[PDB]
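Containing mmCIF, N, CA, C and O atoms: model37.cif.
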```cif
data_start
loop_
_atom_site.group_PDB
_atom_site.id
_atom_site.type_symbol
_atom_site.label_atom_id
_atom_site.label_comp_id
_atom_site.auth_asym_id
_atom_site.auth_seq_id
_atom_site.Cartn_x
_atom_site.Cartn_y
_atom_site.Cartn_z
ATOM 1 N N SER I 10 32.868 45.317 38.596
ATOM 2 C CA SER I 10 31.714 44.460 38.388
ATOM 3 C C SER I 10 31.968 43.082 39.003
ATOM 4 O O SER I 10 33.100 42.597 39.002
ATOM 5 N N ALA I 11 30.899 42.490 39.513
ATOM 6 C CA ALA I 11 30.992 41.178 40.130
ATOM 7 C C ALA I 11 29.692 40.410 39.884
ATOM 8 O O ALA I 11 28.613 41.000 39.860
ATOM 9 N N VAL I 12 29.838 39.105 39.705
ATOM 10 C CA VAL I 12 28.689 38.250 39.461
ATOM 11 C C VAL I 12 28.583 37.214 40.581
ATOM 12 O O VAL I 12 29.596 36.744 41.095
ATOM 13 N N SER I 13 27.346 36.886 40.926
ATOM 14 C CA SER I 13 27.094 35.914 41.976
ATOM 15 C C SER I 13 26.088 34.868 41.491
ATOM 16 O O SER I 13 25.091 35.210 40.857
ATOM 17 N N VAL I 14 26.384 33.616 41.807
ATOM 18 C CA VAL I 14 25.518 32.519 41.411
ATOM 19 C C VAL I 14 25.022 31.790 42.662
ATOM 20 O O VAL I 14 25.817 31.229 43.414
ATOM 21 N N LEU I 15 23.710 31.822 42.845
ATOM 22 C CA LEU I 15 23.098 31.171 43.991
ATOM 23 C C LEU I 15 22.448 29.861 43.542
ATOM 24 O O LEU I 15 21.436 29.874 42.843
ATOM 25 N N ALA I 16 23.058 28.761 43.960
ATOM 26 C CA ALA I 16 22.551 27.445 43.609
ATOM 27 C C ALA I 16 21.427 27.063 44.575
ATOM 28 O O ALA I 16 21.584 27.173 45.790
ATOM 29 N N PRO I 17 20.290 26.608 43.982
ATOM 30 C CA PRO I 17 19.141 26.209 44.776
ATOM 31 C C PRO I 17 19.378 24.851 45.439
ATOM 32 O O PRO I 17 18.582 24.413 46.269
ATOM 33 N N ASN I 18 20.477 24.222 45.049
ATOM 34 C CA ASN I 18 20.830 22.922 45.596
ATOM 35 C C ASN I 18 21.471 23.109 46.972
ATOM 36 O O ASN I 18 21.892 22.140 47.602
ATOM 37 N N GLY I 19 21.527 24.362 47.398
ATOM 38 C CA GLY I 19 22.110 24.690 48.688
ATOM 39 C C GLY I 19 23.573 25.113 48.538
ATOM 40 O O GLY I 19 24.316 25.148 49.517
ATOM 41 N N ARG I 20 23.941 25.423 47.303
ATOM 42 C CA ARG I 20 25.301 25.842 47.012
ATOM 43 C C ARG I 20 25.322 27.304 46.560
ATOM 44 O O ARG I 20 24.787 27.638 45.504
ATOM 45 N N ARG I 21 25.944 28.135 47.383
ATOM 46 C CA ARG I 21 26.041 29.553 47.080
ATOM 47 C C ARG I 21 27.485 29.927 46.740
ATOM 48 O O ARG I 21 28.373 29.819 47.585
ATOM 49 N N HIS I 22 27.675 30.357 45.501
ATOM 50 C CA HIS I 22 28.997 30.746 45.039
ATOM 51 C C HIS I 22 28.888 32.007 44.178
ATOM 52 O O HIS I 22 27.973 32.131 43.365
ATOM 53 N N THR I 23 29.835 32.909 44.386
ATOM 54 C CA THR I 23 29.857 34.156 43.639
ATOM 55 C C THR I 23 31.146 34.264 42.820
ATOM 56 O O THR I 23 32.237 34.033 43.339
ATOM 57 N N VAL I 24 30.976 34.615 41.554
ATOM 58 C CA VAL I 24 32.111 34.757 40.658
ATOM 59 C C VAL I 24 32.156 36.188 40.121
ATOM 60 O O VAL I 24 31.169 36.681 39.575
ATOM 61 N N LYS I 25 33.310 36.816 40.292
ATOM 62 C CA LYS I 25 33.496 38.180 39.831
ATOM 63 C C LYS I 25 33.868 38.167 38.347
ATOM 64 O O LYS I 25 34.901 37.616 37.968
ATOM 65 N N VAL I 26 33.007 38.779 37.548
ATOM 66 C CA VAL I 26 33.234 38.844 36.114
ATOM 67 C C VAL I 26 33.271 40.309 35.674
ATOM 68 O O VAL I 26 32.915 41.201 36.441
ATOM 69 N N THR I 27 33.707 40.512 34.438
ATOM 70 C CA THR I 27 33.795 41.853 33.887
ATOM 71 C C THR I 27 32.490 42.227 33.182
ATOM 72 O O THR I 27 31.755 41.354 32.723
ATOM 73 N N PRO I 28 32.234 43.561 33.116
ATOM 74 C CA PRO I 28 31.030 44.062 32.476
ATOM 75 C C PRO I 28 31.143 43.973 30.952
ATOM 76 O O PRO I 28 30.151 44.134 30.243
ATOM 77 N N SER I 29 32.360 43.717 30.495
ATOM 78 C CA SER I 29 32.615 43.605 29.068
ATOM 79 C C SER I 29 32.920 42.151 28.704
ATOM 80 O O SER I 29 33.139 41.833 27.536
ATOM 81 N N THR I 30 32.926 41.307 29.726
ATOM 82 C CA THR I 30 33.201 39.894 29.528
ATOM 83 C C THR I 30 31.907 39.135 29.229
ATOM 84 O O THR I 30 30.870 39.408 29.831
ATOM 85 N N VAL I 31 32.010 38.197 28.299
ATOM 86 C CA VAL I 31 30.860 37.396 27.913
ATOM 87 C C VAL I 31 30.608 36.327 28.977
ATOM 88 O O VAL I 31 31.526 35.606 29.367
ATOM 89 N N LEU I 32 29.360 36.256 29.417
ATOM 90 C CA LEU I 32 28.976 35.287 30.428
ATOM 91 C C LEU I 32 29.311 33.879 29.932
ATOM 92 O O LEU I 32 29.448 32.952 30.730
ATOM 93 N N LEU I 33 29.437 33.763 28.618
ATOM 94 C CA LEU I 33 29.754 32.484 28.007
ATOM 95 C C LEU I 33 31.133 32.024 28.483
ATOM 96 O O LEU I 33 31.313 30.864 28.847
ATOM 97 N N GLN I 34 32.073 32.959 28.464
ATOM 98 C CA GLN I 34 33.430 32.664 28.888
ATOM 99 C C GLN I 34 33.467 32.384 30.392
ATOM 100 O O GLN I 34 34.191 31.497 30.843
ATOM 101 N N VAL I 35 32.677 33.154 31.124
ATOM 102 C CA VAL I 35 32.611 32.999 32.568
ATOM 103 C C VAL I 35 31.864 31.707 32.904
ATOM 104 O O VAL I 35 32.347 30.893 33.690
ATOM 105 N N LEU I 36 30.699 31.557 32.291
ATOM 106 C CA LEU I 36 29.881 30.377 32.515
ATOM 107 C C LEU I 36 30.651 29.135 32.061
ATOM 108 O O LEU I 36 30.625 28.105 32.731
ATOM 109 N N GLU I 37 31.317 29.275 30.924
ATOM 110 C CA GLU I 37 32.092 28.177 30.372
ATOM 111 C C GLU I 37 33.289 27.865 31.273
ATOM 112 O O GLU I 37 33.644 26.703 31.460
ATOM 113 N N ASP I 38 33.876 28.925 31.810
ATOM 114 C CA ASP I 38 35.025 28.779 32.688
ATOM 115 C C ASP I 38 34.590 28.082 33.978
ATOM 116 O O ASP I 38 35.168 27.066 34.364
ATOM 117 N N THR I 39 33.576 28.655 34.609
ATOM 118 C CA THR I 39 33.057 28.101 35.849
ATOM 119 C C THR I 39 32.495 26.698 35.611
ATOM 120 O O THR I 39 32.592 25.831 36.480
ATOM 121 N N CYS I 40 31.920 26.516 34.431
ATOM 122 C CA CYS I 40 31.342 25.234 34.069
ATOM 123 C C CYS I 40 32.480 24.223 33.909
ATOM 124 O O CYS I 40 32.331 23.054 34.262
ATOM 125 N N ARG I 41 33.591 24.710 33.376
ATOM 126 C CA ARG I 41 34.753 23.863 33.165
ATOM 127 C C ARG I 41 35.332 23.412 34.507
ATOM 128 O O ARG I 41 35.595 22.227 34.708
ATOM 129 N N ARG I 42 35.513 24.380 35.393
ATOM 130 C CA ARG I 42 36.056 24.097 36.711
ATOM 131 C C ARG I 42 35.006 23.402 37.580
ATOM 132 O O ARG I 42 35.336 22.524 38.375
ATOM 133 N N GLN I 43 33.762 23.820 37.398
ATOM 134 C CA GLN I 43 32.661 23.248 38.154
ATOM 135 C C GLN I 43 32.015 22.105 37.369
ATOM 136 O O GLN I 43 30.926 21.648 37.714
ATOM 137 N N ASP I 44 32.712 21.677 36.326
ATOM 138 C CA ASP I 44 32.218 20.597 35.489
ATOM 139 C C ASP I 44 30.692 20.671 35.415
ATOM 140 O O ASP I 44 29.998 19.815 35.964
ATOM 141 N N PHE I 45 30.212 21.701 34.734
ATOM 142 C CA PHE I 45 28.780 21.898 34.583
ATOM 143 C C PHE I 45 28.411 22.133 33.116
ATOM 144 O O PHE I 45 29.261 22.513 32.312
ATOM 145 N N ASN I 46 27.144 21.896 32.814
ATOM 146 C CA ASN I 46 26.652 22.078 31.458
ATOM 147 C C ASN I 46 25.464 23.042 31.476
ATOM 148 O O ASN I 46 24.677 23.044 32.421
ATOM 149 N N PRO I 47 25.368 23.858 30.392
ATOM 150 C CA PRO I 47 24.290 24.823 30.275
ATOM 151 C C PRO I 47 22.972 24.133 29.915
ATOM 152 O O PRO I 47 21.907 24.542 30.374
ATOM 153 N N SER I 48 23.088 23.098 29.095
ATOM 154 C CA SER I 48 21.920 22.347 28.668
ATOM 155 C C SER I 48 21.275 21.655 29.870
ATOM 156 O O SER I 48 20.185 21.094 29.757
ATOM 157 N N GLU I 49 21.975 21.716 30.993
ATOM 158 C CA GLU I 49 21.483 21.101 32.215
ATOM 159 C C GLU I 49 21.409 22.138 33.338
ATOM 160 O O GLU I 49 20.972 21.829 34.445
ATOM 161 N N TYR I 50 21.845 23.347 33.014
ATOM 162 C CA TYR I 50 21.834 24.431 33.981
ATOM 163 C C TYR I 50 21.490 25.761 33.310
ATOM 164 O O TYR I 50 21.955 26.043 32.206
ATOM 165 N N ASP I 51 20.678 26.546 34.004
ATOM 166 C CA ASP I 51 20.267 27.840 33.489
ATOM 167 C C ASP I 51 20.462 28.902 34.574
ATOM 168 O O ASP I 51 20.320 28.614 35.761
ATOM 169 N N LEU I 52 20.786 30.106 34.126
ATOM 170 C CA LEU I 52 21.001 31.212 35.044
ATOM 171 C C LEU I 52 20.033 32.346 34.705
ATOM 172 O O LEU I 52 19.844 32.678 33.536
ATOM 173 N N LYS I 53 19.444 32.910 35.750
ATOM 174 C CA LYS I 53 18.499 34.000 35.579
ATOM 175 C C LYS I 53 18.575 34.931 36.791
ATOM 176 O O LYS I 53 18.651 34.469 37.929
ATOM 177 N N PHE I 54 18.551 36.225 36.506
ATOM 178 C CA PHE I 54 18.618 37.224 37.559
ATOM 179 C C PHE I 54 17.476 38.234 37.428
ATOM 180 O O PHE I 54 17.426 38.998 36.464
ATOM 181 N N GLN I 55 16.588 38.206 38.410
ATOM 182 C CA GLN I 55 15.450 39.110 38.417
ATOM 183 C C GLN I 55 14.580 38.878 37.180
ATOM 184 O O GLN I 55 13.906 37.854 37.073
ATOM 185 N N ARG I 56 14.624 39.845 36.274
ATOM 186 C CA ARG I 56 13.849 39.758 35.049
ATOM 187 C C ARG I 56 14.775 39.563 33.848
ATOM 188 O O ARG I 56 14.359 39.737 32.702
ATOM 189 N N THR I 57 16.015 39.204 34.148
ATOM 190 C CA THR I 57 17.004 38.983 33.107
ATOM 191 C C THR I 57 17.535 37.550 33.171
ATOM 192 O O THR I 57 17.968 37.091 34.227
ATOM 193 N N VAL I 58 17.484 36.882 32.029
ATOM 194 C CA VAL I 58 17.955 35.510 31.942
ATOM 195 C C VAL I 58 19.476 35.507 31.778
ATOM 196 O O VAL I 58 20.028 36.338 31.058
ATOM 197 N N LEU I 59 20.110 34.562 32.456
ATOM 198 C CA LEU I 59 21.557 34.439 32.393
ATOM 199 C C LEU I 59 21.924 33.107 31.738
ATOM 200 O O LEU I 59 21.587 32.043 32.256
ATOM 201 N N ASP I 60 22.610 33.208 30.609
ATOM 202 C CA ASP I 60 23.026 32.023 29.878
ATOM 203 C C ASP I 60 24.382 32.286 29.218
ATOM 204 O O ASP I 60 25.205 33.024 29.757
ATOM 205 N N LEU I 61 24.571 31.667 28.062
ATOM 206 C CA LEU I 61 25.813 31.825 27.324
ATOM 207 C C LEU I 61 25.684 33.010 26.365
ATOM 208 O O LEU I 61 26.623 33.788 26.204
ATOM 209 N N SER I 62 24.513 33.111 25.754
ATOM 210 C CA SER I 62 24.248 34.188 24.815
ATOM 211 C C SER I 62 23.703 35.409 25.559
ATOM 212 O O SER I 62 22.776 36.064 25.088
ATOM 213 N N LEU I 63 24.303 35.677 26.710
ATOM 214 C CA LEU I 63 23.891 36.807 27.524
ATOM 215 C C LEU I 63 25.130 37.552 28.023
ATOM 216 O O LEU I 63 25.697 37.199 29.056
ATOM 217 N N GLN I 64 25.516 38.568 27.265
ATOM 218 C CA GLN I 64 26.680 39.364 27.617
ATOM 219 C C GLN I 64 26.291 40.456 28.617
ATOM 220 O O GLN I 64 25.191 41.002 28.550
ATOM 221 N N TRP I 65 27.217 40.742 29.520
ATOM 222 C CA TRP I 65 26.986 41.759 30.533
ATOM 223 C C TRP I 65 26.816 43.103 29.822
ATOM 224 O O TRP I 65 25.965 43.906 30.201
ATOM 225 N N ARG I 66 27.639 43.306 28.805
ATOM 226 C CA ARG I 66 27.591 44.540 28.038
ATOM 227 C C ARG I 66 26.187 44.757 27.471
ATOM 228 O O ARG I 66 25.841 45.866 27.067
ATOM 229 N N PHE I 67 25.415 43.680 27.458
ATOM 230 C CA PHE I 67 24.057 43.739 26.947
ATOM 231 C C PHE I 67 23.041 43.447 28.054
ATOM 232 O O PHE I 67 22.206 44.291 28.373
ATOM 233 N N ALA I 68 23.147 42.248 28.609
ATOM 234 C CA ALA I 68 22.249 41.834 29.672
ATOM 235 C C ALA I 68 22.312 42.851 30.812
ATOM 236 O O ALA I 68 21.422 42.895 31.662
ATOM 237 N N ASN I 69 23.373 43.645 30.796
ATOM 238 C CA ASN I 69 23.564 44.660 31.819
ATOM 239 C C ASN I 69 23.218 44.070 33.188
ATOM 240 O O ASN I 69 22.057 44.075 33.595
ATOM 241 N N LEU I 70 24.247 43.576 33.861
ATOM 242 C CA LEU I 70 24.067 42.984 35.176
ATOM 243 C C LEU I 70 24.446 44.008 36.247
ATOM 244 O O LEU I 70 25.150 44.975 35.965
ATOM 245 N N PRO I 71 23.948 43.752 37.487
ATOM 246 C CA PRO I 71 24.227 44.640 38.602
ATOM 247 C C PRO I 71 25.661 44.458 39.103
ATOM 248 O O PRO I 71 26.365 43.550 38.664
ATOM 249 N N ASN I 72 26.053 45.336 40.015
ATOM 250 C CA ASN I 72 27.390 45.283 40.581
ATOM 251 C C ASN I 72 27.774 43.824 40.834
ATOM 252 O O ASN I 72 28.417 43.193 39.995
ATOM 253 N N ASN I 73 27.365 43.330 41.993
ATOM 254 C CA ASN I 73 27.660 41.958 42.367
ATOM 255 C C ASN I 73 26.952 41.007 41.400
ATOM 256 O O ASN I 73 27.087 39.789 41.509
ATOM 257 N N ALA I 74 26.212 41.599 40.473
ATOM 258 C CA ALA I 74 25.483 40.820 39.487
ATOM 259 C C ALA I 74 25.161 39.442 40.068
ATOM 260 O O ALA I 74 25.887 38.478 39.829
ATOM 261 N N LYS I 75 24.071 39.392 40.820
ATOM 262 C CA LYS I 75 23.644 38.148 41.437
ATOM 263 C C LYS I 75 22.690 37.416 40.491
ATOM 264 O O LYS I 75 21.642 37.947 40.126
ATOM 265 N N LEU I 76 23.088 36.207 40.121
ATOM 266 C CA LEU I 76 22.281 35.396 39.225
ATOM 267 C C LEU I 76 21.809 34.143 39.964
ATOM 268 O O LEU I 76 22.471 33.677 40.891
ATOM 269 N N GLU I 77 20.668 33.631 39.526
ATOM 270 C CA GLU I 77 20.100 32.440 40.133
ATOM 271 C C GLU I 77 20.383 31.213 39.265
ATOM 272 O O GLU I 77 20.187 31.249 38.051
ATOM 273 N N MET I 78 20.839 30.155 39.920
ATOM 274 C CA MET I 78 21.151 28.920 39.222
ATOM 275 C C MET I 78 19.934 27.995 39.176
ATOM 276 O O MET I 78 19.259 27.798 40.185
ATOM 277 N N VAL I 79 19.690 27.449 37.993
ATOM 278 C CA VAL I 79 18.565 26.550 37.801
ATOM 279 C C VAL I 79 18.943 25.481 36.774
ATOM 280 O O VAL I 79 19.513 25.792 35.729
ATOM 281 N N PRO I 80 18.599 24.210 37.113
ATOM 282 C CA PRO I 80 18.896 23.093 36.232
ATOM 283 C C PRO I 80 17.940 23.068 35.037
ATOM 284 O O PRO I 80 16.729 23.202 35.204
ATOM 285 N N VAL I 81 18.521 22.896 33.859
ATOM 286 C CA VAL I 81 17.736 22.852 32.637
ATOM 287 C C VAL I 81 18.665 23.017 31.433
ATOM 288 O O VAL I 81 19.883 22.905 31.565
ATOM 289 N N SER I 82 18.055 23.281 30.287
ATOM 290 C CA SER I 82 18.812 23.463 29.060
ATOM 291 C C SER I 82 18.511 24.836 28.458
ATOM 292 O O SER I 82 17.485 25.020 27.805
ATOM 293 N N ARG I 83 19.424 25.765 28.698
ATOM 294 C CA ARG I 83 19.269 27.117 28.187
ATOM 295 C C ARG I 83 17.892 27.670 28.560
ATOM 296 O O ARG I 83 17.051 26.946 29.092
ATOM 297 N N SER I 84 17.703 28.948 28.266
ATOM 298 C CA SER I 84 16.443 29.607 28.564
ATOM 299 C C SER I 84 15.387 29.207 27.532
ATOM 300 O O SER I 84 15.716 28.910 26.385
ATOM 301 N N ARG I 85 14.140 29.211 27.978
ATOM 302 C CA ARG I 85 13.033 28.851 27.107
ATOM 303 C C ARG I 85 11.725 28.812 27.899
ATOM 304 O O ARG I 85 11.735 28.593 29.110
#
```
structure tokens encoding of this file:
Amino acid sequence: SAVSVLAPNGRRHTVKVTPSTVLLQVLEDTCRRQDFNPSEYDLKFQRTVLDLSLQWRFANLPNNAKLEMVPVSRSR
């Protein structure tokens, strides 16, 4: 399994995550290294929202699991 994050700011980065790994840990990890906040950033893929409370084991993401990056505070 692999996850991809396409930043609309012109920044395209892909992060390989596990299908059993919580996006929270990945998002938090990438957010930590990428010094980013969820309350200021939101992730969504197709018809599935990508956030912290969105586990792959549930949100069921695609192989490269490509997610779209969007500035904001969680889904809503």
Point to revise | Residue contacts of segment 32-48 of chain I (8 Å, only N, CA, C and O atoms) excluding same-chain residues fewer than 2 positions away, as a PyMOL selection string | key: chain I and resi 24-30+50-52+59-66+79-84
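The space separating atom CA of residue 75 of chain I from atom CA of residue 17 of chain I comes to 13.2 Å.
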Practice item. Measure the distance from atom N of residue 56 of chain I to atom O of residue 69 of chain I in Å and round it to one decimal. Key: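 According to the coordinates, atom N of residue 56 of chain I and atom O of residue 69 of chain I are separated by 9.0 Å.
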Practice item. Can you list, as a VMD selection string, all residues belonging to chain I that DSSP tags as strand (DSSP E)? Key: chain I and resid 12 to 15 21 to 24 51 to 54 57 to 59 75 to 79
Study note, to complete from the structure: From atom O of residue 22 of chain I to atom O of residue 70 of chain I the spacing works out at 15.1 Å
Review point. Which one of I:85, I:49, I:58, I:72 sits closest to residue 13 of chain I if you count only C-alpha atoms?
Key: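 Checking each of I:85, I:49, I:58, I:72 against residue 13 of chain I, counting only C-alpha atoms, the winner is I:72.
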Exercise for review: Extract the full set of alpha helix (DSSP H) residues from chain I according to DSSP on the backbone, and format it as a list in words.
Suggested key: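 Listing alpha helix (DSSP H) positions across chain I yields residues 32, 33, 34, 35, 36, 37, 38, 39, 40, 41, 42, 65, 66, 67 and 68 of chain I.
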